[PDB]
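Working notes, beginning with the structure itself.
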Amino acid sequence: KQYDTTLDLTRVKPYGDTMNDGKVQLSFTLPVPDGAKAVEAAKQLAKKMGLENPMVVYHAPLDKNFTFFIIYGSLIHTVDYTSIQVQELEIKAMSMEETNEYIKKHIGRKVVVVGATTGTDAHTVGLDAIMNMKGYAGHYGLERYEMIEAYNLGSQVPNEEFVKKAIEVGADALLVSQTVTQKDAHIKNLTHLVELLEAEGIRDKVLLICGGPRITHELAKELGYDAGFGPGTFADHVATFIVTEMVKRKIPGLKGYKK
Amino acid sequence: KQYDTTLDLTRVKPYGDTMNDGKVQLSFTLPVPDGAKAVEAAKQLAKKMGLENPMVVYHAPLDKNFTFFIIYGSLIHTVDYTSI
Amino acid sequence: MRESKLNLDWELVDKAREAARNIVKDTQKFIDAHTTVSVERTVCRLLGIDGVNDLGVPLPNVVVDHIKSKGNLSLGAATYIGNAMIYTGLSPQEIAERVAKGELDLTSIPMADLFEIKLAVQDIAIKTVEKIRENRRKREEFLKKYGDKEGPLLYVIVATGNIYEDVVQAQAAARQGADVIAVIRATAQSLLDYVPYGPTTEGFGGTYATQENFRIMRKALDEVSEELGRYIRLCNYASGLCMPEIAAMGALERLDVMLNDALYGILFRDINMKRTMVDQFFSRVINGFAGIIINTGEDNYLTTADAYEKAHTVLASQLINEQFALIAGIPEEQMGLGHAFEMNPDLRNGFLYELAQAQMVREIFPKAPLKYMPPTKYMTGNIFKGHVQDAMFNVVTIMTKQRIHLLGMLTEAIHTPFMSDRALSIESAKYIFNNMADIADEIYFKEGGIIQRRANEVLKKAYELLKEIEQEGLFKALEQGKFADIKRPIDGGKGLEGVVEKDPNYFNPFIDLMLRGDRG
Amino acid sequence: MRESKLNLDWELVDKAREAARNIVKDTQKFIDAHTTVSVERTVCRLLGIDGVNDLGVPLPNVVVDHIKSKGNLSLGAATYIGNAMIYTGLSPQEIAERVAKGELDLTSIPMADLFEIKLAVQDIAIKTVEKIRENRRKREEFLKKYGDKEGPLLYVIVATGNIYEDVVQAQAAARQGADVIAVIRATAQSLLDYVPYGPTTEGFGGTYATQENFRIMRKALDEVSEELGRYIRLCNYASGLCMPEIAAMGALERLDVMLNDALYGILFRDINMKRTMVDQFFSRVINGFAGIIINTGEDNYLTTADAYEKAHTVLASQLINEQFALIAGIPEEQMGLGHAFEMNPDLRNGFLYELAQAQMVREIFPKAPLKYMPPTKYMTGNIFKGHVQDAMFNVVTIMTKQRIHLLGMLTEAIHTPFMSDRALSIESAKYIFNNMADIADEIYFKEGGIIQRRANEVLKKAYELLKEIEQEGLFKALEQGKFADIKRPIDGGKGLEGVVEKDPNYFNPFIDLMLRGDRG
Ligand code: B12
Ligand SMILES: Cc1ncc(COP(=O)(O)O)c(/C=N/CCSC[C@H](N)C(=O)O)c1O
Ligand SMILES: C[C@H]1O[C@@H](n2cnc3c(N)ncnc32)[C@H](O)[C@@H]1O
């Protein structure tokens, strides 16, 4: 065509079938009855979103007052792929033997980890993958690590029980499991745990790790945690981060240092 | 969760599980290799598209230079249904 | 001889059934000689006690706590309630109110002859039994009037946490092709030792199971059934430390289905096994009398263990649950034994294995309204491949005639369903069930093929596991972590302090009424 | 042994096959007595003539137009080319160039003895035939080196319109998992009476079928197949006014698949019936010698007609096409007869009828690389239900063992596929083909059931239609609109002027060389 363009990494926009067409798909419900007014409202909402020249390919009523739409449209906005600052979750993992050697050489003593699915949450499959020595897809857990004493407290653990057990066992790092952001109780529970640790005064003496199927590093750092892990994490990543951070910031730990 | 939960026909916005959550779904392809930078680029594109706290649920490679995304997130914008 | 497509070994099935029967005999030896506090609170609720005191604790809780701390709870709450009825001459609810306010002390009244106490309580027992029976009659009348389906019953869950938005979206789904509506319970209600009071507009992960919520949702679904001309069922969960209480509340509010399994509680909520077994007996007696279909939860085993390696565990658990239900008096027509379409989607010939297992379950339990539930473990963020996996789930449901169909959702791995996700799931299921309406009666299987061999392999493994569990006993087998690969100590968990030993003069009017009224 | 899952009536199938054979014999009586200008142009191309003149008219067109206007084309272009070669001593390309420039006149040269002309032309015909045989050997060597698949072959389409973007998309799709790539042809080229020269950079709705484009696509696919370790087939469309020329160009450029069907052109493009039949005979002869898999377009009947009512039409068309191919010399392993999954999704037991028809087709043609094609008529903007329908289509494909599988897209009714849509379709097809791999060997059908009765019904209706067509004649039946509810007159349509009658001394060496070559 006369005015078609080539790729530009500073102005990347979606790709339906041509380099810079920017075609997008989206679906949503509206609390209005079906009709031509509903279609016009959806089109106006799509135009306000950014999709210039939208086209409603589907619309059907779910109820007497609800309609479900599907829209395809050409976008206007562009993102700059070269200046993106990414997130702070980039990490690479050393092997188990390397972790043991690092702990022996630098710290000189075993690292204690206490993990639990605090709050009312019941799931333990991810935390058992990370902790349990059986491993997950060939990645052995923290319990297997020779120089790591890992405790698995299960689920439905109250925060008070968690902090009390951490103090009793002399924990150097604490792990907390949660679930997707559509669970909104995870934020409140994590904030409550942080407040409890601050009140106890043990916050500075231990690390904090929070993860889950859709936890992210940005949210973890916003809450006050020291890290955040999502899907695809394996025990070697966690062990590497714990050892490296412990040596970098010289966490004293609670081992033989009860409050 | 939202402060407003009663339907107002001057400010109708998408519907998820509650009245005014404004949840939307959208899928697109990007001509950049799959990775963490691609996920951040998709999130930034969605945010400038008008979605708060976009959450990429899927991301896969189609080829060595193309990635396919699925994104969910609330929508800021509202449309007046009465004036149309 | 029984007809089969898998050429099942029926002698082996008979031996597995006998092993499960003997397991249940051994376990019931203990259950007969014990009772829990929840059973006593349920007796109080059935006798007419309800409401809350100033502090917000229900009155059954107050009465049972008073009897336990001040007196001998091994005599049962019925003994003391009836004695107070003879003494003061009031009704059980008035006595509970007086105790709550502090104007009466049940354990200080002189104890009358037990025969007179039984006579005093019998009338109220009969009245409550008759109310439950009339509810059963009304449900049967509704089903007869509107007619009943012949294919699967679509089963959707509403979980917004607000009772009224739950009503709105339940009516919306019922107006769509949904046949059974389940209101998933609020997270951390199984841990409570009391049943809340009144309607709730708040809840994290679900809605609280209260009697007023039951009444509200029953009214809404009755109105929608009148509108649509077909009967919409109501489902709830009788798990937790208050299992018999919720069973009684559902029986009184005319729920049509109820999720009643103790192994789920023990393995996934960490409740004591003795507590849960003793609760489960009474709750299943109530559900059997009330006409409710009890649903078990062997689907949950596969989310922790491996589905191909530990498939026989589901069958063994199903046989044990069948025998428990039979001892409680539940007929096969009310035994909704559950299994799930839960193998790896990257497994070659995985569809043949799931089909073989579903057909074997459909053949061992021919009368049961078997429940089939969607894939959950291997669901990812690809909503489109998820729709495809759900389509294969529906295909297996229609090819092997499963009675109840728990609809899988486009976005299981992401969040609880939207309105649109439920609409899409219902639409896909209706499409597939209409196109293959009569595929079950057409397709047969090669003699000696993959399907027959898989079925016989799973059956043999289940029989061996049942013999092992019979040798040790159910409690020991649970201790060694054979179901769901979860090891649970016998004396651990929550609620062991609620278990008590029956006195030689223990009195519970309702067991005999509910076990002989249904039989004669 | 003729083993059948549908208990077919083999006597009825034999009678239908005999009826199709007789119809094709009657039609062939006419074909053998005529030749078209397109056939002469194909002969000229196979002799070596290629290029364009000063005005852009392809050189074969100029040569054939010259012989037609000035001389007598009934003799055949080969006669004139050979006479010119003897008289002047120049090669065919130089003779054609001189004729275009006007420096030579074919009709002014005295005619020599036919024996010398035949020898001179055969000298080059043998070389061209040997080159085509070399391409066949090369294709077989690639297939042997990489090994061949055992399941269905995924078939995708790329329609950018620019050859290089087509190459990029085809390589990406092959890396994604496609086994066959088809470049949809530019719209309104089937009406064109010449084949462009050189590459094309722009087109509407597709890419032109030119020799240079075939060469470029073949190079790209060869490189990608070497990269991937498996063979990627290349497909293109022959039907049109220049059908034999495109067939020959594909044979020279080593195309693995080719859509070759006269009835499609006759009905859906309004091309004259005699022209299309005469073109089809030679094009199928070339395709059969070259080793190309020829596909037929019975899918198009259902889009303009009703699937349930008009399945016998598809079966009768398939039998007629099979007989036409057999007379053209194409073996059974190269007859990719096509059918589609185009029934109404709202039809109860529709999947059973689709399965019965697919299995009947798989049974009547046990050796053909049958082609199964997606639903297109009953698609909408609901991409999710589109994905579900495609999944059911894949289920049918795997359960009936269809060799080639034209992937459908969830966005069939909206636009031409995106890259992501193709990726999703391939992923779904892979999943379903892996899970149900050995389902064809397992599932049988109930004797006398719905599937068997449906198959027998369709077979008998096809037999009756074939008897009617035998009684009337193929041309009259085409005039009566029996095949797609479209009535095209015998003497109407485009291209009638191009038909010619063979002189008694008509000469064409390629027919003899390619018909006798396969027999050793
Ligand atoms: C298994 C499961 C269950 C099982 C768990 C069994 C057990 N004992 O653990 C049971 C039956 C208990 C269950 C119940 C419920 N569940 Co559930 N369940 C699932 C399921 C199928 C899989 C989740 C899972 O663990 N995945 C497998 C693991 C390996 O992956 P993972 O979490 O990503 O873990 C990896 C990473 O995230 C990371 N990681 C995880 N944790 C941590 C922690 C740290 C510190 C670190 C460093 C890394 C890390 O590393 C891990 C290994 O790579 C999902 C659906 C799905 N397909 O995702 C629903 C799901 C999570 N559950 C859900 C819900 C709502 C519930 C309930 C709470 C509902 C209710 N009844 O009220 C119930 C009750 C449980 C409760 N009281 O909390 C929802 C949550 C959605 C939301 N609201 O945001 C889901 C998504 C299903 C749905 N859509 O409806 N569930
Ligand atoms: C048998 C039985 N009885 C009672 C309850 C109620 O639980 P509770 O109120 O006591 O806490 C349940 C609950 N099952 C929730 C599984 S849903 C997770 C799924 N993988 C998804 O993807 O959604 C149960 O199975
Ligand atoms: C919570 C209710 O729904 C079922 N539940 C919900 N989704 C799934 C799933 N995909 N797999 C297994 N069980 C599930 C439970 O068995 C119970 O009936």
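Going through the structure tokens in order, the chains are called A, B, and so on, while each chain numbers its residues from 1 and the ligands are numbered from 1 in the order shown.
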Using only C-alpha atoms and all ligand atoms, find each protein or nucleic acid residue lying at most 6 Å from ligand 1; present the set as a ChimeraX atom specification. /A:120-127,129-130,175-177,179-183,209-213,229-234,238 /C:184-188,205-206,268,300,303-304,376-380,412-416
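Residues of protein, DNA or RNA having any atom at most 7 Å from ligand 3, counting only C-alpha atoms and all ligand atoms, are residues 157, 184, 259, 297, 299, 300, 340, 373, 374, 375, 376, 406 and 408 of chain C.
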Could the residues in this selection be written to a file with N, CA and C atoms, as a compact mmCIF listing (two decimals), in the first residue's frame?
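And here's result-v3.txt as it stands now:
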# COMPACT_ATOMS: atom_id res chain seq x y z
N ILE C 157 -22.42 -22.32 40.08
CA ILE C 157 -22.12 -21.83 41.42
C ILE C 157 -22.09 -20.31 41.38
N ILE C 184 -21.60 -21.30 46.92
CA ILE C 184 -20.37 -21.72 47.58
C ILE C 184 -20.22 -20.95 48.88
N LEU C 259 -23.84 -31.15 49.93
CA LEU C 259 -22.52 -31.76 49.83
C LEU C 259 -22.12 -32.30 51.20
N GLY C 297 -17.15 -35.78 47.57
CA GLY C 297 -16.12 -34.92 47.01
C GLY C 297 -14.81 -35.58 46.64
N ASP C 299 -13.56 -35.58 43.87
CA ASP C 299 -12.87 -34.73 42.91
C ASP C 299 -11.63 -34.10 43.53
N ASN C 300 -11.70 -33.80 44.83
CA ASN C 300 -10.64 -33.05 45.48
C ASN C 300 -9.37 -33.87 45.64
N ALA C 340 -14.17 -36.67 38.72
CA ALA C 340 -13.78 -35.50 37.94
C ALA C 340 -12.98 -35.92 36.71
N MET C 373 -17.41 -33.66 37.43
CA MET C 373 -16.95 -32.30 37.69
C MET C 373 -15.76 -31.95 36.81
N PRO C 374 -15.53 -30.66 36.57
CA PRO C 374 -14.67 -30.25 35.46
C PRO C 374 -13.20 -30.40 35.78
N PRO C 375 -12.32 -30.14 34.81
CA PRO C 375 -10.89 -30.09 35.11
C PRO C 375 -10.51 -28.78 35.79
N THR C 376 -9.69 -28.88 36.83
CA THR C 376 -9.28 -27.70 37.57
C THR C 376 -7.76 -27.62 37.69
N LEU C 406 -21.34 -30.63 36.62
CA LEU C 406 -20.80 -29.39 37.16
C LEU C 406 -20.07 -28.67 36.03
N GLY C 408 -17.77 -26.57 33.93
CA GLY C 408 -16.51 -25.88 34.03
C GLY C 408 -16.58 -24.50 33.41
Quick one: which residues from chain C are at most 10 Å off chain D, using only C-alpha atoms, as an NGL selection string? :C and (344-353 or 382-392 or 395 or 410 or 424-425 or 427-439 or 441-452)
If the cut-off is 7 Å, can you tell me the residues of chain B near chain D, counting only C-alpha atoms? I'd like them as a PDB file with N, CA and C atoms, in the first residue's frame.
ATOM      1  N   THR B  29      -1.769  -9.277  19.759  1.00  0.00           N
ATOM      2  CA  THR B  29      -0.429  -9.731  19.423  1.00  0.00           C
ATOM      3  C   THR B  29       0.501  -8.529  19.357  1.00  0.00           C
ATOM      4  N   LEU B  62       4.157 -16.828  19.527  1.00  0.00           N
ATOM      5  CA  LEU B  62       3.660 -17.301  18.242  1.00  0.00           C
ATOM      6  C   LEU B  62       4.804 -17.624  17.289  1.00  0.00           C
ATOM      7  N   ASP B  63       5.793 -16.738  17.207  1.00  0.00           N
ATOM      8  CA  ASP B  63       7.030 -16.998  16.488  1.00  0.00           C
ATOM      9  C   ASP B  63       8.193 -16.478  17.321  1.00  0.00           C
ATOM     10  N   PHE B  68       1.638 -13.364  22.128  1.00  0.00           N
ATOM     11  CA  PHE B  68       0.191 -13.247  22.234  1.00  0.00           C
ATOM     12  C   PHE B  68      -0.178 -13.088  23.701  1.00  0.00           C
TER      13      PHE B  68
END
Would you mind listing, as a VMD selection string, all residues of chain A that have at least one atom within 6 Å of chain B, where only C-alpha atoms are what counts? chain A and resid 14 to 15 24 to 30 49 to 50 79 86
Please produce a file of those selected residues containing N, CA, C and O atoms, as an mmCIF file, in the first residue's frame.
data_model
loop_
_atom_site.group_PDB
_atom_site.id
_atom_site.type_symbol
_atom_site.label_atom_id
_atom_site.label_comp_id
_atom_site.auth_asym_id
_atom_site.auth_seq_id
_atom_site.Cartn_x
_atom_site.Cartn_y
_atom_site.Cartn_z
ATOM 1 N N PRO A 14 -0.206 -3.131 18.407
ATOM 2 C CA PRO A 14 -0.605 -4.519 18.129
ATOM 3 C C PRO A 14 -0.505 -4.916 16.662
ATOM 4 O O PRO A 14 -0.314 -4.073 15.784
ATOM 5 N N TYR A 15 -0.620 -6.215 16.399
ATOM 6 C CA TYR A 15 -0.366 -6.793 15.081
ATOM 7 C C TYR A 15 -1.458 -7.818 14.789
ATOM 8 O O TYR A 15 -1.375 -8.963 15.237
ATOM 9 N N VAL A 24 -7.122 -5.019 17.888
ATOM 10 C CA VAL A 24 -7.287 -5.509 19.249
ATOM 11 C C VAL A 24 -8.634 -6.206 19.347
ATOM 12 O O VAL A 24 -9.538 -5.965 18.542
ATOM 13 N N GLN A 25 -8.763 -7.088 20.333
ATOM 14 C CA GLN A 25 -10.017 -7.748 20.660
ATOM 15 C C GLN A 25 -10.344 -7.472 22.117
ATOM 16 O O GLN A 25 -9.441 -7.364 22.947
ATOM 17 N N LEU A 26 -11.631 -7.327 22.425
ATOM 18 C CA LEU A 26 -12.044 -7.137 23.807
ATOM 19 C C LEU A 26 -13.506 -7.516 23.960
ATOM 20 O O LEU A 26 -14.290 -7.411 23.016
ATOM 21 N N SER A 27 -13.858 -7.963 25.162
ATOM 22 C CA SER A 27 -15.209 -8.390 25.485
ATOM 23 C C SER A 27 -15.585 -7.846 26.852
ATOM 24 O O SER A 27 -14.736 -7.744 27.738
ATOM 25 N N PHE A 28 -16.857 -7.495 27.027
ATOM 26 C CA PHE A 28 -17.307 -6.983 28.310
ATOM 27 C C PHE A 28 -18.826 -6.981 28.356
ATOM 28 O O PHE A 28 -19.499 -6.996 27.325
ATOM 29 N N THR A 29 -19.354 -6.957 29.576
ATOM 30 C CA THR A 29 -20.784 -6.878 29.829
ATOM 31 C C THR A 29 -21.165 -5.445 30.178
ATOM 32 O O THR A 29 -20.359 -4.683 30.713
ATOM 33 N N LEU A 30 -22.400 -5.078 29.851
ATOM 34 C CA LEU A 30 -22.944 -3.775 30.190
ATOM 35 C C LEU A 30 -24.276 -3.963 30.904
ATOM 36 O O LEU A 30 -25.076 -4.813 30.501
ATOM 37 N N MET A 49 -11.928 4.329 24.877
ATOM 38 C CA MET A 49 -10.811 3.526 25.358
ATOM 39 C C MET A 49 -9.556 3.752 24.524
ATOM 40 O O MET A 49 -8.446 3.737 25.065
ATOM 41 N N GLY A 50 -9.706 3.958 23.218
ATOM 42 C CA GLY A 50 -8.570 4.185 22.348
ATOM 43 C C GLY A 50 -8.722 3.540 20.987
ATOM 44 O O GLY A 50 -8.038 3.921 20.036
ATOM 45 N N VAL A 79 3.383 2.106 22.349
ATOM 46 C CA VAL A 79 4.296 1.958 23.474
ATOM 47 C C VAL A 79 5.719 1.922 22.940
ATOM 48 O O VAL A 79 5.960 1.562 21.783
ATOM 49 N N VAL A 86 11.191 -2.336 32.729
ATOM 50 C CA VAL A 86 10.902 -3.673 33.243
ATOM 51 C C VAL A 86 10.618 -3.601 34.740
ATOM 52 O O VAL A 86 10.454 -2.511 35.300
#
Distance cut-off 10 Å, counting only C-alpha atoms - which residues of chain A neighbour chain D? Return them as JSON, numbers by chain. {"A": [1, 15, 16, 17, 18, 23, 56, 57, 58, 59, 60, 69, 70, 71, 72]}
Can you tell me which residues surround residue 107 of chain C at a distance of at most 9 Å, considering only C-alpha atoms, apart from same-chain residues fewer than 5 positions away, and format the answer as an MDAnalysis selection string? chainID C and resid 66:67 70:72 80
Those in segment 49-144 of chain D with helix (DSSP H, G or I) from DSSP, as a ChimeraX atom specification: /D:59-70,73-75,77-88,92-101,114-144
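Note that atom CA of residue 116 of chain A and atom CA of residue 89 of chain A are 21.9 Å apart.
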Excluding residue 516 of chain D and its own-chain neighbours fewer than 6 positions away, which residues fall within 10 Å of it when counting only C-alpha atoms? Please give them as a list in words.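 Close residues of residue 516 of chain D: residues 289, 329 and 510 of chain D.
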Emit the selected residues as a PDB file, in the first residue's frame, including N, CA, C and O atoms.
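Listed below is the output, out16.pdb:
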ATOM      1  N   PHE D 289       0.465 -37.925 -13.643  1.00  0.00           N
ATOM      2  CA  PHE D 289       1.849 -38.279 -13.945  1.00  0.00           C
ATOM      3  C   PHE D 289       2.818 -37.636 -12.960  1.00  0.00           C
ATOM      4  O   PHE D 289       3.756 -38.287 -12.492  1.00  0.00           O
ATOM      5  N   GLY D 329      -5.965 -41.414 -15.222  1.00  0.00           N
ATOM      6  CA  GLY D 329      -4.751 -42.112 -14.842  1.00  0.00           C
ATOM      7  C   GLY D 329      -4.286 -41.869 -13.423  1.00  0.00           C
ATOM      8  O   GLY D 329      -3.227 -42.382 -13.045  1.00  0.00           O
ATOM      9  N   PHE D 510       2.517 -35.407 -25.522  1.00  0.00           N
ATOM     10  CA  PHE D 510       2.542 -35.424 -24.066  1.00  0.00           C
ATOM     11  C   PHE D 510       1.505 -36.384 -23.505  1.00  0.00           C
ATOM     12  O   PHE D 510       1.762 -37.071 -22.513  1.00  0.00           O
TER      13      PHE D 510
END
Find the spatial neighbours of residue 87 of chain C, counting only C-alpha atoms, within a cut-off of 12 Å - ignore same-chain residues fewer than 4 positions away - and output them as an MDAnalysis selection string. chainID C and resid 80:83 91:92 95 104:113 116:117 120
Taking N, CA, C and O atoms for each residue, export the selection above as a short mmCIF file (atom, residue, chain, number, x, y, z; two decimals), in the first residue's frame.
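result32.cif written:
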data_model
loop_
_atom_site.label_atom_id
_atom_site.label_comp_id
_atom_site.auth_asym_id
_atom_site.auth_seq_id
_atom_site.Cartn_x
_atom_site.Cartn_y
_atom_site.Cartn_z
N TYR C 80 -32.24 -33.07 79.29
CA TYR C 80 -32.35 -31.87 80.11
C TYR C 80 -33.43 -30.93 79.59
O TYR C 80 -34.16 -30.32 80.38
N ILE C 81 -33.56 -30.81 78.27
CA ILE C 81 -34.62 -29.96 77.71
C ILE C 81 -35.98 -30.49 78.13
O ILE C 81 -36.85 -29.73 78.58
N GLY C 82 -36.19 -31.80 78.01
CA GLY C 82 -37.46 -32.37 78.41
C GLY C 82 -37.72 -32.22 79.90
O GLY C 82 -38.85 -31.94 80.31
N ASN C 83 -36.69 -32.42 80.72
CA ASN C 83 -36.86 -32.25 82.16
C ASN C 83 -37.27 -30.82 82.49
O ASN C 83 -38.17 -30.60 83.32
N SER C 91 -42.09 -23.98 76.64
CA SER C 91 -41.63 -24.56 75.39
C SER C 91 -40.11 -24.49 75.32
O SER C 91 -39.48 -23.66 75.98
N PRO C 92 -39.48 -25.35 74.51
CA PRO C 92 -38.01 -25.37 74.49
C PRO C 92 -37.38 -24.02 74.18
O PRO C 92 -36.35 -23.67 74.77
N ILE C 95 -37.42 -21.91 77.30
CA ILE C 95 -36.41 -22.39 78.23
C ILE C 95 -35.03 -21.91 77.81
O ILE C 95 -34.22 -21.49 78.64
N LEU C 104 -32.64 -19.30 84.72
CA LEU C 104 -32.85 -20.72 84.95
C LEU C 104 -31.52 -21.45 84.87
O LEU C 104 -30.57 -20.97 84.23
N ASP C 105 -31.45 -22.60 85.52
CA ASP C 105 -30.26 -23.46 85.50
C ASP C 105 -30.75 -24.89 85.33
O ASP C 105 -31.30 -25.47 86.27
N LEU C 106 -30.54 -25.45 84.14
CA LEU C 106 -31.12 -26.75 83.82
C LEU C 106 -30.59 -27.86 84.71
O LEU C 106 -31.32 -28.81 85.02
N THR C 107 -29.33 -27.77 85.13
CA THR C 107 -28.69 -28.85 85.86
C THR C 107 -29.04 -28.88 87.34
O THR C 107 -28.64 -29.82 88.04
N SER C 108 -29.76 -27.88 87.85
CA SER C 108 -30.16 -27.85 89.25
C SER C 108 -31.58 -28.36 89.46
O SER C 108 -31.94 -28.69 90.60
N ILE C 109 -32.38 -28.44 88.41
CA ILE C 109 -33.75 -28.95 88.54
C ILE C 109 -33.70 -30.42 88.94
O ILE C 109 -32.82 -31.15 88.46
N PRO C 110 -34.59 -30.89 89.81
CA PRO C 110 -34.64 -32.33 90.08
C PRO C 110 -34.93 -33.11 88.80
O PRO C 110 -35.73 -32.69 87.97
N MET C 111 -34.28 -34.26 88.66
CA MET C 111 -34.42 -35.07 87.46
C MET C 111 -35.62 -35.99 87.60
O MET C 111 -35.70 -36.79 88.54
N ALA C 112 -36.56 -35.88 86.66
CA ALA C 112 -37.73 -36.74 86.65
C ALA C 112 -37.39 -38.08 86.01
O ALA C 112 -36.30 -38.29 85.47
N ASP C 113 -38.34 -39.01 86.09
CA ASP C 113 -38.16 -40.31 85.47
C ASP C 113 -37.98 -40.16 83.97
O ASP C 113 -38.69 -39.40 83.31
N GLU C 116 -40.99 -40.19 81.52
CA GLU C 116 -41.76 -38.96 81.40
C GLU C 116 -41.06 -37.94 80.51
O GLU C 116 -41.73 -37.23 79.75
N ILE C 117 -39.73 -37.86 80.58
CA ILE C 117 -39.00 -36.94 79.71
C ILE C 117 -39.17 -37.34 78.25
O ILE C 117 -39.38 -36.48 77.37
N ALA C 120 -42.52 -36.32 77.15
CA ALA C 120 -42.61 -34.88 76.98
C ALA C 120 -42.02 -34.44 75.65
O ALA C 120 -42.57 -33.57 74.97
#
Mind giving me the straight-line distance from atom CA of residue 253 of chain C to atom CA of residue 147 of chain C in Å, one decimal?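 Interatomic distance, atom CA of residue 253 of chain C to atom CA of residue 147 of chain C: 21.7 Å.
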